[PDB]
């Protein structure tokens, strides 16, 4: 028979430094772990064929990587798919084939309880002219600039939960921020870990989801969408969510 085997699926995984229960490196094989990995693996198990595969970390592990640049590594055929907390953003859908979403997402505004008289949602945050914290690597920076008219110098990238919390604590007049804008799944973890001093203010002002980003015209995208919906109806997406994420805390 023919000697040369098939190339495995090259899975690009963001090397998260913050909110690592969603996806992160693992010192043990397969070298990655977290909510989004367990969903991907559960969905692969439901496909009607084997999928030899390997997970490749993306990012220096000092700051969250650029997710736009991770998706463009799929477009450029360095990876076959991006697997993680990958938001289904308008520009990214022009060049990759996302699955149907495996979890809902959207942007929210987080501020101190004591500041919710002046910062009550995205509109008041916009007109405040004060600094806005965001994660490193998120779509949300360009979203705020292009869709919400935020002057770029107002946007302050922050490294990790310790810096999200210290920036909100200092506030807009002492070298911090008026608010953090971030997706609700992350903020659920932040509010679990910050002792009831911070809150969401106003509406979830966008609606999106996370998906796996395959190359254009990928048959795997089609079959993995069916598999995600099967996990959803089996209750497995909720069971996997409950394994990795818990938002209960001491101050209720």
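Residue numbers count along the first chain shown, from 1.
If you average the C-alpha B-factors over 26-34 and over 40-48, the higher value belongs to 26-34. Higher average CA B factor: 228-236, of the stretches 8-16 and 228-236. Across the residues 135, 142, 100, 169, the deposited record lists the maximum Cα B factor for 169. Between the residues 70, 184, 56, 196, the entry's highest C-alpha temperature factor is the one at 196. Annotation for residue 162: CA B-factor lies in the highest third of the chain's modelled residues. Ranked against the other modelled residues of its chain, the C-alpha B-factor of residue 124 as given in the entry falls in the middle third. Per the PDB record, residue ranking by Cα B-factor puts residue 202 in the highest third of the chain.
Residue 118 sits in the highest third of its chain by CA B factor, as recorded in the PDB entry. Residue 84: CA B factor lies in the lowest third for its chain, per the PDB record.
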